[PDB]
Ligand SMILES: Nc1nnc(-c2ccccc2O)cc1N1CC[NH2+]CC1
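The form solved without the named molecule is given below as one chain in structure tokens.
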């Protein structure tokens, strides 16, 4: 089944937010924080990930869920981004590069969402 499309301005805003979060780079090192979250590792590769993380998500899935109108609100989108980051914090250890990048990405999402929505008045 096809879902009823969101209003196109809502879709547009979801896309702009996710694009900005994905492109965000650490200023000192140039590292794209999101690059490790684009594509989940396979269950073949990393079976233990799928033992611990019950609802995996990556940015490929998030973009899919935007395109297919699964998210009906920015709150819906935000929850999946926060879940993506939660999962990173469960599977990786506090103080690790990947854990700490996921913490920053939570704040980037919030800041980017607000910039975009304030722009739209």
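Positions refer to the first chain, counted from 1. C-alpha atoms forming the largest set that superposes within 1.5 Å between two forms make up the rigid core.
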(request) Taking the root mean square of C-alpha distances over all structures and residues in 6 other deposited structures of this protein, with a rigid core superposition, name the larger of 21 to 29 and 100 to 108. (result) 21 to 29
(request) Averaging the C-alpha B factors as listed in the entry, name the stretch that ends up higher: 27 to 35 or 40 to 48. (result) 40 to 48
(request) Report the stretch with the higher mean CA temperature factor, choosing between 4 to 12 and 112 to 120 on the basis of the entry. (result) 112 to 120
(request) Using the temperature factors in the entry, find which of 82, 66, 74, 93 has the highest value at its Cα atom. (result) 93
(request) Ordered by C-alpha B-factor within the chain, which third holds residue 70? Give me lowest, middle or highest, please. (result) lowest
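Quick note: we don't show the form solved in complex with the named molecule, though the next part is all about it.
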(message) Residue-level contact is defined here as any heavy atom of the residue lying within 4.5 Å of the named molecule in the bound PDB entry; does residue 71 satisfy this criterion?
(response) no
(request) Look up in the bound PDB entry whether residue 58 has a non-hydrogen atom within 4.5 angstroms of the named molecule, and give yes or no. (result) yes
(request) Answer yes if any heavy atom of residue 98 is within 4.5 Å of a heavy atom of the named molecule in the bound PDB entry; otherwise answer no. (result) yes
(message) Considering non-hydrogen atoms and a 4.5 Å limit, does the named molecule approach residue 40 in the bound PDB entry?
(response) yes
